[PDB]
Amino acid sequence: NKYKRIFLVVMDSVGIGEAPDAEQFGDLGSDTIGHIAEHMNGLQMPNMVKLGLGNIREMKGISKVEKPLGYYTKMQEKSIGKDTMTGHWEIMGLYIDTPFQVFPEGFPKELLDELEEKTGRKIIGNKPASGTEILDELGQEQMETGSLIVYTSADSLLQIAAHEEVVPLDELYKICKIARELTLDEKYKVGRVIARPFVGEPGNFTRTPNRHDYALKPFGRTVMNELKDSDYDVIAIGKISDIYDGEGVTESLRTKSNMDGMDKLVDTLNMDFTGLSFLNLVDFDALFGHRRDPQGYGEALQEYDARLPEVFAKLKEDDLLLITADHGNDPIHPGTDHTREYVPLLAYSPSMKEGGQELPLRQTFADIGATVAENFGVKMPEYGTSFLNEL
């Protein structure tokens, strides 16, 4: 192995400008990092800049350096979706040609009729809601009738709530497996079905820990699967294990915040593993992009950048650090959805004694997966082209 350890960091949603196909996704004008930098009157990410961020693209406060520490370029998404699952699946060697559906006016009647027919229970609600709100609204009716509450969010989710005394947990889990099968159809294709059992009574309903999730498996064997199969470590930090439905994961390190995720990254630098340590930093997307909060996004980016020196100091000569994103989510764009953007790519090892250079633009995010696969001598993904031998 050329590198013993690869540390891969996805700054979730940290896009570096509208992609060539942004118009088809309603995303003309989008620029995540750029528009944050404008809002801040200069974004301050001095560690990312020394890696080469400004050499990718100069932005306010983000300037070129003569001798970047690592290699730098951007990557273009090939897959049809701009969601977190698609972007991550593509990073790890896949090509996804159907989108995950969302249902802002509720699920279509034909899907709900099928679910009612197969379960023998009637369905109520059928709208975007928070869990708390929909129980307050419909919990009593659900208890009294034995119906199922089906609700969704702005994300590709189908959630089914029922009182544990009224619909036994075993049946609720069977109902969700049925729903999971029905939602494999391309017209109804949802990212995750979630069992939402609750207890209590009107004015005091509680969602129980008996929640279970039925996520879609990645559409093919990933580079993570190949690493785990070949007896390497695959250390998933944060939402990574969920995004891949555990496929190829050997250790899952749960996190509660971006700073907790950088702590866990450091924990893995301190571990004697051979393989991949893979971090998702989700707060960028969930708290700043989706909430259209550019000031918050800028502060969060600055906080993240201030953690990098500690990472740099613990990298060894045969370690490689890769920093990228999975899509954009421009916090001044209309609506609340992701934005179809190029993503940055920085590749740094302290063995780069001459500093890095510009890499050719990556035509698919799967170039990351292909590089990781070539490094560890595992079977090459069907999509992507390695840049291992250019480092």
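Sequential numbering from 1, following the sequence displayed.
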Per the PDB entry, mean CA B-factor is higher for 135-143 or 153-161, namely for 153-161
As the entry reports it, the stretch among 102-110 and 290-298 with higher mean C-alpha B factor is 102-110
Comparing C-alpha B-factors across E77, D233, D260, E117 in this entry, the winner is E117
Residue set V372, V14, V9, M380, per-entry CA B-factor max assigned to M380
In terms of its chain's C-alpha B-factors, the third that includes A366 is the lowest
Assert third(CA B-factor, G220) within chain per record equals highest
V193: CA temperature factor from the record, placed by chain third, in the middle
By the entry's values, the third containing the CA B factor of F273 is the middle
Assert third(CA B-factor, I62) within chain per record equals highest
